[PDB]
Amino acid sequence: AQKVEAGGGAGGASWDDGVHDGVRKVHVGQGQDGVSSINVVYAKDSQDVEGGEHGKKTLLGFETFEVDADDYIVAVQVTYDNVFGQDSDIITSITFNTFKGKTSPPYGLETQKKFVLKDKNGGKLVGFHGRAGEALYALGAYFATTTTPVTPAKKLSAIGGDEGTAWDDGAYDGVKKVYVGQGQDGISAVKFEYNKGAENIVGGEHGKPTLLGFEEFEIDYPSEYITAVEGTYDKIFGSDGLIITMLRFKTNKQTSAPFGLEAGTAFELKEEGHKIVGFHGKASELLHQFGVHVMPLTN
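Labelled according to the PDB entry, the chain appears under the name Jasmonate inducible protein isolog, originating from Arabidopsis thaliana. Word for word, the UniProt comment on the chain under Subunit is "Component of the PYK10 complex, at least composed of PYK10/BGLU23, BGLU21, BGLU22, JAL22, JAL23, PBP1/JAL30, PBP2/JAL31, JAL32, JAL33, JAL34, JAL35, GLL22 and GLL23." Recorded in UniProt under Sequence similarities, the annotation for the chain is "Belongs to the jacalin lectin family."

Taken as a whole and judged by the stated rule, the model has eight salt bridges. Salt-bridge contacts for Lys-118 lead to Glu-272; the nearest nitrogen and oxygen are separated by 3.7 Å. Pair noted here: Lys-118 is in strand 9 (residues 114-118) and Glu-272 is in the loop between strand 16 (265-270) and strand 17 (274-275), with a separation of 154 residues, a long-range link. Taking the relative accessible area as the measure of exposure, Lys-118 reaches 35% and is therefore partly exposed. A salt bridge links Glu-199 to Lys-196; its shortest N-O distance comes to 2.7 Å. Sharing partners across several salt bridges, the network here consists of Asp-21, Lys-44 and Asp-45.

So, about the UniProt feature "domain: Jacalin-type lectin" in the chain. Under the feature "domain: Jacalin-type lectin", the UniProt entry names residues 1-145 and 153-296. Between the end C-alpha atoms of residues 1-145 there is a gap of 6 Å, over a span that is 0% helix and 30% strand. Between the first and last C-alpha atoms of residues 153-296 the distance is 8 Å; the span itself is 0% helix and 38% strand.

Right, let's talk about the sheet that holds strand 8 (residues 90-98) for a bit. Across the sheet, which stays open at both edges, the three strands sit in the order 8-7-9 with antiparallel pairing between neighbours. The sheet is open, and its two edges are formed by strand 8 and strand 9, each paired on a single side. Mean inter-strand twist for the sheet, computed between neighbouring axes without regard to direction, equals 10°. Strand direction decides the pairing type here: strand 7 (residues 73-81) and strand 9, joined by five bridges, are antiparallel. When the sheet's bridge partners are listed, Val-76 is paired in strand 9 with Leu-117.

Moving on, we come to the environment of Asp-89. Relative to the helices and strands, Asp-89 is located in the loop between strand 7 and strand 8. In this structure the C-alpha to C-alpha distance between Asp-89 and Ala-257, which are 168 residues apart in sequence, comes to 44 Å. Sequence-distant contacts of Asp-89, defined by excluding residues within four places in its chain, comprise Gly-8, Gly-9, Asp-81, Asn-82 and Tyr-137.

Calculation criteria
Residues numbered from 1 in each chain as written, not as in the entry; some residues may be left out. Heavy atoms only, no water. UniProt positions renumbered as here; feature names shortened; annotations may be inferred. Salt bridge = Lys/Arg side-chain N within 4 Å of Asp/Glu carboxyl O. Helix = DSSP H or I, 4+ residues; strand = E, 2+ residues; numbered from the N terminus. Buried < 20%, exposed > 50% of the residue type's maximum accessible area, 1.4 Å probe, protein only. Pairing = 2+ DSSP bridges. Axes fitted to C-alpha atoms, helices over the stretch in contact; angles between N-to-C directions. Contact = heavy atoms within 4.5 Å.

This is the structure we're talking about:
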């Protein structure tokens, strides 16, 4: 399942193998034209042993990264580059990000050509992959993943209330236009537009509209995406209930307006790889609880 590819050149031998009994420190010394020096140390049943310096070290290109016996590298930033004559592509910058909160500086020149790999599913780093020798041609690390069949859309869990009618739309073909209908108390009316099959659905008022009118935004569905949701809810009096008077959507390349006035406790709804296409929650008059679903809409 989770297995990142070794993006980079092929001019050495040091990729995924089983001979390495373990590891202790990693060095990446950026030479005059790319990662020209490395070092490989191991830790045995008593003490460490060194003698793994390879490539060509220089006073202007060397690094040191002490990997603790309790360190778990959960994320890494890896960059590569190619220039006219380099028939064996090489690495430019590396940046390890540990679970312990330690983040080493960019061990080289951050460039456009890069990839990113992190683990959120629960796996732990186990070793590395990537042909290397005189120059660091490529780098990468596999993750602990499981084997499962194809599954449907995942239901999530929000907060807001335990009383009112459920209006879970599940998922629709898309979102073509959106509107917000504020009330005197908070968001009491929400309506969206979409095209199902060949139809054009206009309307969607399933809440208490108010004389405050409506607000509207037409998001570019094929150009942009709602990567996550934000909002703040404040406590209403007389009951243990809640309401939402300020709801936002994370939007890239554009700026979605601040619908409402931020106050109360804050919340967010985010998942990796997946995008949003449907809601789940409850309302009878007022929008007590609002939640989302996640579906894999990546290439």
